[PDB]
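> as a preliminary step, the opening chains of the complex are given here in situ:
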Amino acid sequence: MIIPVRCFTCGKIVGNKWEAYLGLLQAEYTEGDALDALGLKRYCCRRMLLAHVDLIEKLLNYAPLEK
Amino acid sequence: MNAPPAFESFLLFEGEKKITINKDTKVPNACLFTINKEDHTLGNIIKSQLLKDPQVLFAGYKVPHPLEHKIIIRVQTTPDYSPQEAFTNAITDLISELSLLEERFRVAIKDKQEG
Amino acid sequence: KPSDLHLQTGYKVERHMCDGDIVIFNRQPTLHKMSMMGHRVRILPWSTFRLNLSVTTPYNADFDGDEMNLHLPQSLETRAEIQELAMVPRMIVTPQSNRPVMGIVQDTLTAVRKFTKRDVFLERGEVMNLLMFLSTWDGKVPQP
Amino acid sequence: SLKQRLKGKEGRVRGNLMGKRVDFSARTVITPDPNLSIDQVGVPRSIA
Amino acid sequence: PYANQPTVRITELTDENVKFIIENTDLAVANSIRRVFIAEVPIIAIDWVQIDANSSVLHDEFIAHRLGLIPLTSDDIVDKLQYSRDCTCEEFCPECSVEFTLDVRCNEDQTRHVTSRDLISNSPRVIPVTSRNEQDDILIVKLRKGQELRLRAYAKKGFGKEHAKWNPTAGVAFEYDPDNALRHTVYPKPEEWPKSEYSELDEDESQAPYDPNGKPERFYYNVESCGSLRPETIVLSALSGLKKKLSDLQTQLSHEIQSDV
Amino acid sequence: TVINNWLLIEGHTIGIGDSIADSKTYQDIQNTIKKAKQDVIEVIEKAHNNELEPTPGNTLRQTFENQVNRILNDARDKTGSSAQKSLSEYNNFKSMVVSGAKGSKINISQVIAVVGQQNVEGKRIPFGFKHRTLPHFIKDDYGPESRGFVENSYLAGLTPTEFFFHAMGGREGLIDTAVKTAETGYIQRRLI
Amino acid sequence: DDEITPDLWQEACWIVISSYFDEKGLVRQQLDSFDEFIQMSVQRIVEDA
Amino acid sequence: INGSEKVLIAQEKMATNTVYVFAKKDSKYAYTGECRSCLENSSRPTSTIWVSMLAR
Amino acid sequence: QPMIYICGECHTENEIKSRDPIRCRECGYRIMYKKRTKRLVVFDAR
């Protein structure tokens, strides 16, 4: 539901790359070009940052059970 | 539930030996080296260095079970040349080669930063 | 108390199942004689029973979630009769068709076909590596 | 009734006399292990 | 009979990866060096967390697992640190551990990112990799208003053989004999195979002529660190660790030889 | 043990390249299919215009269906022969099959050349609708595509009509298994 | 000009399907059956009684 | 229903008010005509009527 | 002894004693949640 810290296959850190990827997409860069600009050359990491679903945002819509 | 502890692939239990020397009885000058808590990393280098030795006529390593953590190294040598000291020779030559490679890598990175 | 734990001859101790114990290994539906067979126990870490790939054929067993029923014979008489009657080697050949019920399968079969080809030539070190996975080897390296 | 107790497959004869539930038995999924012999079976620690 | 004379030729020394060539050595030695890169280079990663507040949607094991995967600058601390099992302290002592603290409360009506900046270290040399002085930080969890996360975590020395979080590398590109001279791999249609980057061949040729006397001699590496250690330090620590492994085995073998004769 | 440890060196795979053939083989497959459809069209024309003479021991529908089945069986045999003849020694499907480990030459033909004729209860796809198999077909269409003959292979991809017909055949297989289990169970219990 | 070419057909039909699923949804049969029962069938049973 | 998420599964019943003719063999009728007939807007229990002809 | 629950809606802390009606102190909600334990929570960061 949240971006994994490490790529499953090789172990490159991709926990810091989700927000930069979203910013590049908002900058009308093609997701292939966005992934290229983030240095993810191995297609394992491209899969990592490309197939991720940002479901933690949907969970944040619900109220906390205690404040 | 029955998952083994993660450390157990490299930590020796309370009491057993790291390596054991067993004589093979069906062939002379043949021994089975039982190294505990080890894998293909040491097995392949020791086997390859033994294969480089001309006084060795057999050298092989085997991991009996991937869920277990021991290797069996079988060495057969010329009648004068005992396989135990052949194994010692292999480890010594490997240490020397690794140290030489390390020092050369160190001077290589030194030169690369220097130009 | 340790006075209770003092064993004497004639007592019976219910020890846990150690290695080499004989068990009857059954898979439903129990169709033919080879559907339940005697097996020797080897202790292994994880939570699944483990089988050699050859016995998957007499059991008609796959590894896509198949479960299996183990039975531990309790008396030494029952253990001995399972050992003398129902062990896997003792029943390789089935009476229903007088042919072996179990054989070489899948990976081993394709690789042994690829292995026995006339063009397969093995280097010395490869021969050393393969020769030591032979439990019946006499230790004499053959002439190339 | 008594006839219902005796007649069924889950009844008394076929359900409790001919075949019955037994002690000293285990069940868990099976996985391959080419390193074992054909007569050997891997067993988990908890089951043993 | 005796050791080889392995020469080294380094082609790339970026701060994230090292590309180098080893000649005059065996295939087994090179592959074992690769294995030691992956699994037998000790680094420091979080392996003990104590959560005393977690109102986040991610449960405690989720947060702990994410924390363990965050890389820490392991340079020069791992040399002097000790394994936690090997240390005499009943707790996590500084000579065998590094304490990390995190306490993030989201009192704002906008979403709070619990980045790797919130992992506050008790030592300056070891810190999360992104904190070193451009590049974004590692997201532990997202917090809305009212949710907190308080935890005290310790980082201990460990190697990849126990857990993947202690792996210092991310992708070890090991390759030898690009032109297929040894024919260790057989192409049914060699023309439709892309040339390797280290290929010495021209565009006309598909693969090199076969050489029976040839053996694997030149090995091509590309060790890409995840930032925890410098890649050159990764290679040197790997060599030293493999050497010390062999030394320990030799010492034990000599002890058994003494005990036997 | 020995054979697996050598398989570490040799290795053994299966992939897309093993399910493909050169341009010549695919041209031959398409030509064989086209000739088969031409023969079926000619037999259909003969039956409609009554040049086709019924064979003894059966009716006119049985004669027509038997001839259509012969033509399509010949087409499947020729396409399978062409596909198998096109294989290389490095083909992994061929390796799995000739070793007898798993698969069959029929599986190779279905994957590479032609899936073949889909059958329901031993005959072609019935006219579930009024005189047609699907609403996409003309009434009284006895051609191959209309009655379940899957021209394409598993590599090229089944057309949706062929997908539905293949689903019907698979459903028949599943139902047969489901009833067979209970029937044989009772027979076995009585026998023991 | 007032026609869809083959190259444009795929995006057109998927737009049509997207519109359908945006409107009807996936469980429309159950909701519609229950709505009909509540709105009409209960009243019809009561009046018919 | 009592905290349990229940789902009603659609039941595939034979259509009503429509005459169907089936080849009910292995019986003393040859052809039969079934009409499961129910009246609209009250759903009184179906009064199926079969019309059949003898076999000879 | 001073058992604390949490309202599902108000997220308020309520001192509810044994065999008491389950009522919020503000909105009177019927559903209450327990606070996280105090003993010790430790996970090896795997």
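Good, I have the coordinates. Numbers count the residues shown, from 1 in each chain, chains lettered A, B, ... in the order given.
> show me which helix runs longest in chain E.
Using DSSP state H to define each element, chain E has its longest helix at helix E:231-260.
> that helix - contacts with which helices or strands?
strand B:19-23, helix B:40-52, helix B:83-114, strand E:17-23, helix E:27-39, strand E:218-225 (3 or more Cβ pairs under 8 Å, 6 or more residues apart in numbering or on different chains; DSSP states H and E). C-beta coordinates here come from the backbone N, C-alpha and C atoms, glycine included.
> same thing but 7 Å
On a contact count with 3 or more Cβ pairs under 7 Å, 6 or more residues apart in numbering or on different chains; DSSP states H and E, helix E:231-260 meets strand B:19-23, helix B:83-114, strand E:17-23, helix E:27-39, strand E:218-225.
> what residues does chain B have near chain E?
Residues of chain B lying close to chain E by Cβ under 7 Å from any Cβ of the partner chain are B:6-7, B:9-10, B:17-21, B:35, B:41-42, B:44-45, B:47-48, B:52-54, B:84, B:87-88, B:91, B:93-102, B:104-106, B:108-109, B:112.
> apply 6 Å and report the result again.
Listed as neighbours of chain E in chain B under the rule Cβ under 6 Å from any Cβ of the partner chain: B:6-7, B:9-10, B:18-19, B:21, B:41, B:44-45, B:48, B:53-54, B:91, B:93-98, B:101-102, B:104-105, B:108-109, B:112.
> ok, the most centrally placed residue in chain E - contacts?
The residue lying closest to the centre of chain E (Cα atoms, centre = their mean) is residue E:168, at 1.4 Å. With contacts defined as Cβ atoms under 6 Å, 6 or more residues apart in numbering or on different chains, residue E:168 is in contact with E:41, E:43, E:228-229, E:234.
> buried sites along the longest helix of chain E?
Across helix E:231-260, burial judged by 16 or more other Cβ atoms under 10 Å in any protein chain shown covers E:231-243, E:245-246, E:249-250, E:252-253, E:256-257.
> now do residue I:29 against residue H:3, distance only.
Look at residue I:29 and residue H:3: by Cβ to Cβ, to the nearest Å, they are 17 Å apart.
> more neighbours, those two?
For the pair residue I:29 and residue H:3, the greater number of neighbours falls to residue I:29 (16 against 4), based on other Cβ atoms under 10 Å in any protein chain shown.
> chain J next, sequence below:
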Amino acid sequence: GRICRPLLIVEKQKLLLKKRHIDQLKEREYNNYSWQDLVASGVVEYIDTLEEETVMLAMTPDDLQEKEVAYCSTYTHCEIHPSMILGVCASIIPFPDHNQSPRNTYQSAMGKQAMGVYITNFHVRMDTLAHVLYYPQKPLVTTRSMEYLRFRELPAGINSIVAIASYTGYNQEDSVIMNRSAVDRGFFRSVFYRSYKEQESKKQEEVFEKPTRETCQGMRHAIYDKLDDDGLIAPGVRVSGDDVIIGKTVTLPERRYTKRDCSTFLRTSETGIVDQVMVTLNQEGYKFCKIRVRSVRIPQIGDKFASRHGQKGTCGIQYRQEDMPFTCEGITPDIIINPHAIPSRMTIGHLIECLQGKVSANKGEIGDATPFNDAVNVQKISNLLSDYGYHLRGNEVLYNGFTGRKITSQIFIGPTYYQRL
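With chain J added, the chains above now look like this:
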């Protein structure tokens, strides 16, 4: 009770649907031009099964072209898309037309057992059984049908690099070998939620409390001090089998044993961390509690896995990263599956999914695997992959993990969607 589906309407061998409808539908969120307007425009209509008997149905608009004999020249209706004949679960399958139909049936059955985020408010619900994956991913190879099944925002598996090879014989008989190092990095980690419920009652009378051996009869020798003073485990408490999860005592009609202990215990084989405890009142006013127990499940040997094509398989051995084979770029497989599982099962959709996933991951794109798309075939994907420096058939020169000797046969390796059952 009549069943019907929408279909486009064909008149004079032309689609009544024109470019104007699509142009309006593109602005659907703006000018509220809905599917209802399309129905009212006379462009689509619902055709019953009985009506379907007498229609002349066109598979696709290019089937309407009169460049030849044209088969039929009186088409009355046209399918919107042939992929719409598939149900919910069959829509998940990529390239279902490249598979044997029993495999598609098995995947339809097994898609209902795959793990994932079953609902967005799962932390609120107190279902008796619940499985949630740590890191679900939308499939790289995606059919357009599950754009509307909510699959790309509630996915049920992970895109994983599988290599179809016979590595060590532990993947035989439909079994898999998976990367232990990947599993440590969160690959297919999931959480199992178990909920218990209990009600107190008065007729005798029973209450929630922390029982004591001096006033309760016949309890078990389990730690009752895990409970709070009200007889309920607090959240964040590790709990094992035969541990009291709810402390409940019933009074007896008629010392040491004035009450009988009727406490509910955790299931004997189950362990976990208590994560959510709720106390409320039932319909008739008695106290009623629900306790959710959280158990993190690491993928281990024996856990069942399945592709999207009926390629089920229990996990065999797990090898660490160094033991697993690797490409020239250091890309180990996440899973290794046996090649023998393919030929008898005909799951060519598995291979095409791997090829398309490789192309998509290298391209930075999401591949289309809508079943009856003529625009996509194996050759175009192969040419695409060859443009990215890989072998066009998805094969690679793998290296042995134990020895570093490059394997003689080039292994087929690529990303494909996998599911944990």
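> again for what packs on helix E:231-260, chain J present now?
With contacts taken as 3 or more Cβ pairs under 6 Å, 6 or more residues apart in numbering or on different chains; DSSP states H and E, helix E:231-260 sits against strand B:19-23, helix B:83-114, strand E:17-23, helix E:27-39, strand E:218-225.
> how about the helices in chain D?
According to DSSP H, the helices that chain D contains are D:2-7.
> neighbours around the one residue in it that gets nearest to chain F, how many?
Distances between chain D and chain F by Cβ to the nearest Cβ are smallest at residue D:34, namely 5.3 Å. Around residue D:34 there are 22 other residues, counting by other Cβ under 10 Å.
> cross-check the contact I'm expecting between it and residue F:4.
Yes. When contacts are counted by Cβ atoms under 6 Å, residue D:34 is listed as touching residue F:4 (5.3 Å).
> now for these two: what residues contact both?
Common neighbours of residue D:34 and residue F:4, counting by Cβ under 6 Å, 6+ apart, are residue J:169.
> residue contacts, residue C:63?
Residue C:63 touches D:31-32, J:173-175, J:314, counting by Cβ under 6 Å, 6+ apart.
> show me the two of those that sit farthest apart.
Based on Cβ to Cβ, the longest span within the contacts of residue C:63 runs between D:31 and J:174 and measures 10.9 Å.
> what pairs with the one helix or strand residue J:296 maps to, parallel or antiparallel?
Using DSSP states H and E, residue J:296 maps to strand J:287-297. Sheet pairing for strand J:287-297, assigned by DSSP bridges, gives strand J:190-199 (antiparallel), strand J:272-281 (antiparallel).
> any idea which helix or strand comes after the first one?
So the one you mean is strand J:190-199. strand J:206-208.
> C-terminal to that next one, what's the next element?
strand J:216-217.
> show me what that following strand is packed against.
strand J:259-261.
> can stretch D:37-48 be found next to chain F?
No. Stretch D:37-48 does not reach chain F (Cβ under 6 Å from any Cβ); its nearest approach is 9.5 Å.
> which positions in that stretch come out as buried?
For stretch D:37-48, by 16+ other Cβ under 10 Å, it's D:37-44, D:47-48.
> which one of the residues you listed is nearest residue J:420?
Using Cβ to Cβ, these come closest to residue J:420 at residue D:44, 20.7 Å.
> for residue J:262, what are its contacts?
J:248, J:250.
> the strands in chain D, which residues?
Listed in chain order, the strands of chain D (DSSP state E) span D:25-32, D:40-43.
> same list (these) but as JSON lines, adding distance to residue C:66.
Below are those laid out as JSON lines (distance: least, Cβ to Cβ, whole Å):
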{"stretch": "strand D:25-32", "distance to residue C:66": "5"}
{"stretch": "strand D:40-43", "distance to residue C:66": "14"}
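> while you're at it, add RNA strand K from this line:
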RNA sequence: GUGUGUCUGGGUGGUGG
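Once RNA strand K is put in with the chains from before, the structure reads:
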């Protein structure tokens, strides 16, 4: 200066091999 009671009997549905 100790220690056994573990809600049965039916029905319905789903599932695995």
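> what do you get for what packs on helix E:231-260 once RNA strand K is counted?
Judged by 3+ Cβ pairs under 6 Å, 6+ apart, the packing partners of helix E:231-260 are strand B:19-23, helix B:83-114, strand E:17-23, helix E:27-39, strand E:218-225.
> all strands of chain G, in order?
Under DSSP E, chain G gives no strands.
> returning to that earlier point: anything in the helix or strand that the strand holding residue J:296 is followed by near chain C?
Note on strand J:287-297: by DSSP H and E, the next helix or strand toward the C-terminus is strand J:304-307. Yes. Against chain C, strand J:304-307 shows contacts by Cβ under 6 Å from any Cβ at residue J:304.
> adjacent strands (with direction) for strand J:304-307?
Strand J:304-307 pairs in its sheet with strand J:312-319 (antiparallel), strand J:411-420 (antiparallel), by DSSP bridges.
> could you say which of the ones you listed is packed most deeply?
Compared across the strands paired with strand J:304-307, strand J:411-420 shows the largest average neighbour count, a mean of 28 (mean count of other Cβ atoms under 10 Å in any protein chain shown).
> that strand near RNA strand K at all?
No. Shown here: strand J:411-420 not in contact with RNA strand K (Cβ under 7 Å from any atom of the strand), separated by at least 12.8 Å.
> quick check: chain neighbours aside, which residue is closest to the one residue sitting closest to the centre of chain A?
When Cα atoms, centre = their mean is applied to chain A, the residue found nearest the centroid is residue A:18 (3.0 Å). Nearest non-adjacent residue to residue A:18, counting by Cβ to Cβ, 6 or more residues apart in numbering or on different chains: residue A:3, 4.0 Å away.
> make sure the one you found is indeed in a strand.
No. Counting by DSSP: H, G, I helix; E, B strand; the rest coil, one finds residue A:3 to be coil, located in no strand.
> that one: neighbour count?
Going by other Cβ under 10 Å, the residues that sit close to residue A:3 add up to 21.
> which residues sit in contact with it?
By Cβ under 6 Å, 6+ apart, the neighbours of residue A:3 are A:15, A:18, A:52.
> now with 10 Å, please.
A:14-19, A:21, A:48-49, A:52-54, A:56, E:66, E:138-139, J:135 (Cβ atoms under 10 Å, 6 or more residues apart in numbering or on different chains).
> show me which of these are buried.
Buried among the contacts of residue A:3 (16+ other Cβ under 10 Å): A:14-19, A:21, A:48-49, A:52-53, A:56, E:66, E:138-139, J:135.
> filter the residues you listed down to just the ones in helices.
Per DSSP H, these map to helices at A:18-19, A:21, A:48-49, A:56, E:66.
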